[PDB]
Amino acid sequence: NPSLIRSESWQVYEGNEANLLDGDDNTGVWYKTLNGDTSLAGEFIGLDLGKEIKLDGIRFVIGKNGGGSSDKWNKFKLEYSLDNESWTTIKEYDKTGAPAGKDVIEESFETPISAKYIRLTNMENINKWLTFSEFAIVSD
């Protein structure tokens, strides 16, 4: 029963947050960002897994079709935590100039990674709102 965690200041402009956990790439959410339509570095979205589990991989789908198809971070990282206080980076991304629309962020770990929380986190201020479609883990 993983649940969504995300930056509290974002407003749900369209869609609904259950759409991010329904296993359908075609359903998403469009968040309005405050601070003058700016997502600041450190903002995040991901999963609280409820308990510490061994992860074999993740598959997160950022962006969505139509409205807000370009509304994505350009620099962000995948990180995990056991306690929701200390984080460890798995990968850093630069998707400047990525095509508009859904972008599948998928990683596989040869040796499982133990985590209770796992998320994408903005690395650089960007003057955009934000769309997402799906957050999933691969485990056990």
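The first residue of the sequence shown is number 1, and the count goes up from there.
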### Task
Using the B-factors recorded in the PDB entry, average over the C-alpha atoms of 28 to 36 and of 53 to 61, then report which stretch comes out higher.
53 to 61
### Query
Of the two stretches 80 to 88 and 40 to 48, which shows the higher Cα B-factor on average in the entry?
80 to 88
### Task
Taking the chain's C-alpha temperature factors as the reference, tell me which third residue 109 falls into: lowest, middle or highest.
highest
### Task
Using the B-factor values recorded in the entry, state whether the Cα atom of residue 122 falls in the lowest, middle or highest third among the modelled residues of its chain.
lowest
### residue 16 by Cα B-factor - lowest, middle or highest third of the modelled chain
highest
### Third of the chain's Cα B-factor distribution that residue 95 belongs to, per the entry
highest
### Message
How does the C-alpha B factor of residue 134 compare with the rest of the chain: lowest, middle or highest third?
### Response
lowest
